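A quick write-up on the structure given underneath.
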Amino acid sequence: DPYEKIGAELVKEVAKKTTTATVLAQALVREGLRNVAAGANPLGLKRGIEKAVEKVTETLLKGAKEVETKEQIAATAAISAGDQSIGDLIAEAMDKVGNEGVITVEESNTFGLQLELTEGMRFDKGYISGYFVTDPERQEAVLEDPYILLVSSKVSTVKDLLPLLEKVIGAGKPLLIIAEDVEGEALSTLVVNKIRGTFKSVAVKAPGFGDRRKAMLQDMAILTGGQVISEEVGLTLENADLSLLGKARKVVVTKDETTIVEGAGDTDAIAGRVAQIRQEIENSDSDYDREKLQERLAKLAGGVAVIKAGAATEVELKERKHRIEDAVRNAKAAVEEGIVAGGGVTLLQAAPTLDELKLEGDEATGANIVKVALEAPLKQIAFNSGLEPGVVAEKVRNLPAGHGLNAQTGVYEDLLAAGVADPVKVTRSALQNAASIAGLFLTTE
Amino acid sequence: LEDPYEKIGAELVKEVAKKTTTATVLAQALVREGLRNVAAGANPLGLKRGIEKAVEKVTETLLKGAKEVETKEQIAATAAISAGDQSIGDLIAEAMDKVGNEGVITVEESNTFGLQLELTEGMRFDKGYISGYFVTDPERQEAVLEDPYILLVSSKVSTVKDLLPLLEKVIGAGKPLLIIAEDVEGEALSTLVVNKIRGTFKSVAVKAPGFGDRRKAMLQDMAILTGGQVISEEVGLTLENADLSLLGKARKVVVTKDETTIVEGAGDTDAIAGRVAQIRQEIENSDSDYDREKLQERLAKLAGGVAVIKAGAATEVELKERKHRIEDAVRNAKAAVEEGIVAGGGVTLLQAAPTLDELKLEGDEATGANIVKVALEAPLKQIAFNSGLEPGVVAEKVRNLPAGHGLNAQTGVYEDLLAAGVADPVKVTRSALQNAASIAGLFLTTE
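Protein chains in written order, with the authors' numbering: chain B, 62 to 79, 88 to 514; chain A, 60 to 79, 88 to 514.
And the structure:
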């Protein structure tokens, strides 16, 4: 134990950086070293673990139960949520906006969970600097009812926008600067003013590159109400009015993305822009350009669903806001790859798929270390309810593909039907993580 | 009448200047005099070196007196001359402003009667197709692909047992397939060229640019741009087991005799941005000039992009010529920017001859340099003739005209040709001389 402990504990650290994943990494590393203590080369076991995972992955992606119906989806969403009002509500949000739609959860003052489908957008671009982060706990930058500034050129000088910024301050409203880029004295002036509590802003880089990013800025302009300050279409920033700036009720900016909630753009105005693109998709001359415009239109028209959480206590709101959020991405994940049996059942009956490979020498061992780890997820559950490590594992190891032992129920019955499940992606991802962490523990130290 | 020998020799110079115009007229005169001197008992070699010393002096004289072309207004106006059109010039200056002076700038056929300018992601390198049979536009000697998948292989490809499993999954997409690998060897090659002629499966094969590690880096750069993994059996990615998930995507690929251009890849703006940052920082942690030179080079391909001037017309005759006016203009602007611009109408080479007086030469070195003094007035004297004006006469008039003033072969109105839009990239002029002197030194050596 003494060394394995100082090892496993060390494995609890790496894992905790971004729990089946965790338990598996510890179930891989120790079982790895015990074989490295026999004199088996790590690059030999690693090679056997990697290959072993590959096979275990198809096994999960093949034995996956599809999810399409507003019934099934609601169920998934309902699981992770630990609630039906959330599962039903998340299935309704995906019903409207779509499976791949933009669902935004937000904690509200009202009592019951609300849904709301408003005009809005989200693109693949986070804040330029993490200093803009308002809620450090979620490393996010939320702006309440801000003005939106669109700039197709780069912003570096402060003195060009300053006149407009002055009106924004006087407006007593925050700002979202979406420009080609925001650097230099400009970027710093924004940050400092934000820290000083002087001026509430978030800088974000436009979506794409050249012409196609300049058309997206337009979609945002139209959605938001504002008008892209383009030195080529329009004039200089000097003589500006607040009317050039779009507005929204909330802008959420994270490390990787920016969501605009309820653009102030004319509904009829957005509809026309959606139409304009709808024609380009037909007058298109390329499949590539066709698929790009399709998504561009997909956003403007798709809107942004919002799920407001019921108040009670600061501690409740927060968590409740996260649980729904998790249930959304969990239910969004299930529809993406399918679902698999709850508990550690799916991972057990995954080992007998390793035998169908070329089990050789060291690698075969590495591959066996996995057939061991795959039995770690269930072991923990058993260790919990207070049962026999081996017997629980063994008994399950026998039952038909899709039958295992739930806690609350404590019955060697069907797990999936019993309302117990895991998104294959979530399960299959855990595994790929463990292998990835175990892969550092072999090569490095 | 002209001397038979001098003609049999003047024709010979033309046909040579063909494979390798102002240079032709220039060389012909350099050779015409050399012969007369050699016949009069002058050492060829001695006569030659005198020509060389002479040219370098004139090469330096031209370059110094070059009306610097730097502002957009300038560029746009240079090109306006090479295209005899303002809008065509203005747009090129624009394309040169966003993609950068030395930046990629292609001209594409437009289904729209006008002239549009697209700016997107993408890059170009100095590597043509391995096989010419891949060509799709026999006129332009190019192989163009629509929505082409990109397969990046960091290793030479010869076998067939590995590609088929992938190529099939590609055929199902109903989409072309640009493949960049260390090379495409005889076997799999035919598999590509054949299925391509059989129209079974359209595709092209370009050899990756670079060497060893330096190359794998560029393939990675193209991986990041297009949005696809690089096939590398050493790491853990086997070509045998591959899906579209690995391959990358683009809108328009164009492969020529010795160049590949990819128009807008499918990689994320983050990914692409990271490689740019990674390189920018890599350049800063490096102190090696070679290393940093090659890094800025790779940075420009990623951060640069590609301009696409869209030239619309009706008839194919005008469409292909419109697509040449612009192309030619683009290269002139790029050239004007490199070494400056100067007065056209073959007026500078004449007004340059006096500089050779600053050169003290003895014997055949003096004669060699004095053949040039004469040869330098050839281009103008030639333009003069094809106008119906006595060559000599105009040669003298211009000689006594202000620096930059000469006969305008269009309107015949002696004036400031620079102000008259009668200019030339000193690059084009300097090279004309250099080549003319290169050919001449041949007819005064080889047998």
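Yeah, the Cβ is synthetic: ideal placement off N, Cα and C, and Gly gets one too.
{"Asked": "Hey, does residue 185 of chain A have any beta-carbon neighbour from chain B nearer than 7 Å?", "Found": "yes"}
{"Asked": "Looking at the strands, I want to know which residues DSSP matches up with residue 134 of chain A.", "Found": "A/408"}
{"Asked": "For residue 191 of chain A, does the three-state DSSP call read helix, strand or coil?", "Found": "strand"}
{"Asked": "Judging by CA-CA distance, which residue of A/300, A/297, A/500 is the nearest neighbour of residue 443 of chain A?", "Found": "A/500"}
{"Asked": "Do the stretch 190-202 of chain B and the stretch 262-272 of chain B make contact, defined as three or more Cβ pairs closer than 8 Å?", "Found": "yes"}
{"Asked": "If you scan the stretch 397-475 of chain B from start to end, which runs of the beta strand (DSSP E) of 3 or more residues do you find wholly inside it?", "Found": "408-410, 472-474"}
{"Asked": "Under DSSP, the beta strand (DSSP E) around residue 43 of chain B begins and ends at which residues?", "Found": "Since the first and last residues shown for chain B are 62 and 514, residue 43 of chain B lies out of range."}
{"Asked": "Around the C-beta of residue 346 of chain A, are 16 or more other C-beta atoms found within 10 angstroms, so that it is buried, or is it exposed?", "Found": "buried"}
{"Asked": "From the DSSP output, in three-state form, read off residue 492 of chain B for me.", "Found": "strand"}
{"Asked": "Assuming contact is defined by CB atoms lying nearer than 7 Å, are residue 306 of chain A and residue 250 of chain A in contact in what I supplied?", "Found": "no"}
{"Asked": "Taking the alpha-carbon of residue 160 of chain A as reference, which of A/176, A/148, A/108, A/140 has the nearest alpha-carbon?", "Found": "A/140"}
{"Asked": "Along the chain, where does the alpha helix (DSSP H) containing residue 316 of chain B start, and where does it finish?", "Found": "Segment 315-322 is the beta strand (DSSP E) holding residue 316 of chain B; no alpha helix (DSSP H) there."}
{"Asked": "Any beta carbon from chain B within less than 7 Å of residue 188 of chain A's own beta carbon?", "Found": "yes"}
{"Asked": "Assuming contact is defined by CB atoms lying nearer than 7 Å, are residue 374 of chain A and residue 172 of chain A in contact in what I supplied?", "Found": "yes"}
{"Asked": "Going along the chain, which residues of the stretch 338-363 of chain B sit with their C-beta nearer than 8 Å to a C-beta in chain A?", "Found": "354, 355, 356, 357, 358"}
{"Asked": "What whole-angstrom Cβ distance do residue 408 of chain A and residue 188 of chain A have, given they're in contact under 8 Å?", "Found": "Contact flag wrong, Cβ pair sits at about 32 Å."}
{"Asked": "In the DSSP assignment, the alpha helix (DSSP H) including residue 240 of chain B goes from what residue to what residue?", "Found": "231-240"}
{"Asked": "Where residue 344 of chain A and residue 197 of chain B are concerned, what is the direct C-alpha to C-alpha distance, given to the nearest angstrom?", "Found": "13 Å"}
{"Asked": "Under the criterion of a Cβ to heavy atom distance below 6 Å, does residue 211 of chain A qualify as lining the ligand COA?", "Found": "Inclusion of the ligand COA in the displayed structure is not the case, the ligand content being empty and no account of it being possible."}
{"Asked": "Is the CB-CB distance between residue 114 of chain B and residue 431 of chain B below 7 Å?", "Found": "yes"}
{"Asked": "Distance, Cα to Cα, residue 452 of chain B vs residue 341 of chain A?", "Found": "45 Å"}
{"Asked": "Which residues in chain A have a C-beta closer than 8 Å to the C-beta of residue 279 of chain B? List them in chain order.", "Found": "165, 185, 186, 187, 188, 372"}
{"Asked": "Starting from residue 250 of chain B, follow the beta strand (DSSP E) in both directions and report where the run begins and ends.", "Found": "244-251"}
{"Asked": "The beta strand (DSSP E) with residue 272 of chain A in it runs from where to where?", "Found": "271-274"}
{"Asked": "Can you name, in chain order, every residue of its own chain whose Cβ lies under 6 Å from the Cβ of residue 349 of chain B, other than the five neighbours on each side?", "Found": "362"}
{"Asked": "What does residue 316 of chain A touch in chain B if you count any residue whose Cβ is under 8 Å from its own?", "Found": "357"}
{"Asked": "Here's the rule I'm using: 16 or more other beta-carbon atoms within 10 Å means buried, otherwise exposed. How should residue 523 of chain A be labelled?", "Found": "Outside the shown range of chain A, which is 60 to 514, sits residue 523 of chain A, and nothing can be said about it."}
{"Asked": "Judging by CA-CA distance, which residue of A/494, A/365, A/124, A/79 is the nearest neighbour of residue 403 of chain A?", "Found": "A/494"}
{"Asked": "Buried or exposed: residue 264 of chain B, going by 16 or more other Cβ atoms within 10 Å of its Cβ?", "Found": "exposed"}
{"Asked": "Applying the 10 Å Cβ sphere with the 16-neighbour rule, what's the burial state of residue 92 of chain B?", "Found": "buried"}
{"Asked": "Cβ of residue 80 of chain A within 7 Å of Cβ of residue 121 of chain A?", "Found": "Gap in chain A between 79 and 88; residue 80 of chain A lies inside it and carries no coordinates."}
{"Asked": "Can you give me the Cβ contacts of residue 291 of chain A inside the same chain, cut-off strictly under 7 Å, excluding the 5 residues immediately before and after it?", "Found": "334, 338, 339, 342"}
{"Asked": "Looking only at its own chain, which residues have a Cβ that is under 6 Å from the Cβ of residue 259 of chain B, when we skip the five neighbours before and after it?", "Found": "270, 272"}
{"Asked": "How is residue 177 of chain A classed by DSSP in three states: helix, strand or coil?", "Found": "strand"}
{"Asked": "Under 8 Å, with one C-beta from each stretch per pair, do the stretch 72-79 of chain A and the stretch 480-499 of chain A reach the 3-pair mark?", "Found": "no"}
{"Asked": "Is it a yes or a no for the stretch 154-169 of chain A touching the stretch 285-302 of chain A, going by three-plus beta-carbon pairs under 8 Å?", "Found": "no"}
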